[PDB]
């Protein structure tokens, strides 16, 4: 077996897209929520949704023909917000959160009423965000839900780190 292929097998990251897809579904089922999504930052701290599980009837953000970019002004200004410092955000009702109109408009376009978002770190860098969304109504999230999502964020982060590691072994022999 080829070195890079044995590694891939040891680090458990054959096919990171399938990992994201199946895991977001499993989380969505556990949390009984309406969407679970993985969002990847661009160097300018804009970014896009790369994977999701989404319930019956809600707008889809990921797919063959779809591409959902969210350039968030606040996250761009701050280079990843509080998520840089490994903090999580828990919002039971977006209308009680004290947001600005233009941010609320984006949340409404995604049919979000309540959500959790946690960091996804790759190496020591903030790579993206993992979020769970309630679309049907407000929701009072509980600590086990947000601590678990945080724990999955760590899992996704390491998986991405393995993928970047393997990628960045670009053209060394052995």
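Positions refer to the first chain, counted from 1.
Taking only CA atoms, the mean B-factor in the PDB entry is higher for 74-82 than for the other of 74-82 and 100-108. Taking the PDB entry as given, 63-71 carries the higher mean Cα B factor of the two stretches 38-46 and 63-71. The PDB entry assigns the greatest CA B-factor among 14, 21, 150, 161 to 14. When the modelled residues of the chain are ordered by their C-alpha B factor, residue 140 lands in the lowest third. In the deposited entry, the Cα temperature factor of residue 27 sits in the bottom third of values across the chain's modelled residues. Per the deposited record, the Cα B-factor of residue 123 falls in the highest third when ranked against the other modelled residues of its chain.
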